[PDB]
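Chemist: structure for this input, please:
(chains A and B)
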Number of protein chains: 2
Amino acid sequence: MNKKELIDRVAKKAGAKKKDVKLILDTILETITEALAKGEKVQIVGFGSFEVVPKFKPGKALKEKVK
Amino acid sequence: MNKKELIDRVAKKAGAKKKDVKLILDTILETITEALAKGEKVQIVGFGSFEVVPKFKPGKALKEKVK
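Modeler: Residues are numbered from 1 along each chain as shown, chains lettered A, B, ... in the order given. Sharing the structure here:
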């Protein structure tokens, strides 16, 4: 799946306009990038953590769902 | 930063209600998790790709921004 398909799937599931999903997705990605640029960690419970080269550490729950 | 702080930062930047940002963020995480559970790749231009254990490969743009 690419970014466009991700936006369409999320807009359908949440009952949201694609333009609002794109704004919020882009703002999420910009916020995570800015945090990593300052050396901060972005820890999302039930998914994983982004830290700094950028690295992603999957959470227990994600690993179990993908296992 | 944790998930709550991420939601608050994105809601301020996008001028969106925190409940709407949480709904869209959770739906994005659920959508990525479901794709990975089916063995699909989630490739987001200008950020990176999630693929399958779950792995994240940072994009060129993200690597340049955090170097």
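
Chemist: chain A: strands as residue ranges?
Modeler: Counting by DSSP state E, residue ranges of the strands within chain A are A:42-44, A:48-51, A:55-58.

Chemist: output those strands as a markdown table; include the columns distance to chain B.
Modeler: Any C-beta I mention is one placed from the backbone N, CA and C, and that applies to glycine too. Rendered in a markdown table, the data for the strands of chain A read as follows (distance: least, CB to the nearest CB, whole Å):
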| stretch | distance to chain B |
| --- | --- |
| strand A:42-44 | 5 |
| strand A:48-51 | 8 |
| strand A:55-58 | 3 |
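
Chemist: CSV for these, including mean neighbour count?
Modeler: As requested, those are exported to CSV (neighbours: other CB atoms under 10 Å in any protein chain shown):
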stretch, mean neighbour count
strand A:42-44, 19
strand A:48-51, 19
strand A:55-58, 16
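
Chemist: of the ones you listed, which is nearest residue B:2?
Modeler: Shortest separation from residue B:2 across the strands of chain A is recorded for strand A:42-44, at 5.3 Å, computed as CB to CB.

Chemist: ok, residues contacting that closest one?
Modeler: Around strand A:42-44, the neighbours that count as contacts under CB atoms under 8 Å, 6 or more residues apart in numbering or on different chains are A:32, A:35, A:36, A:49, A:50, A:51, A:59, B:1, B:2, B:3, B:6, B:29.
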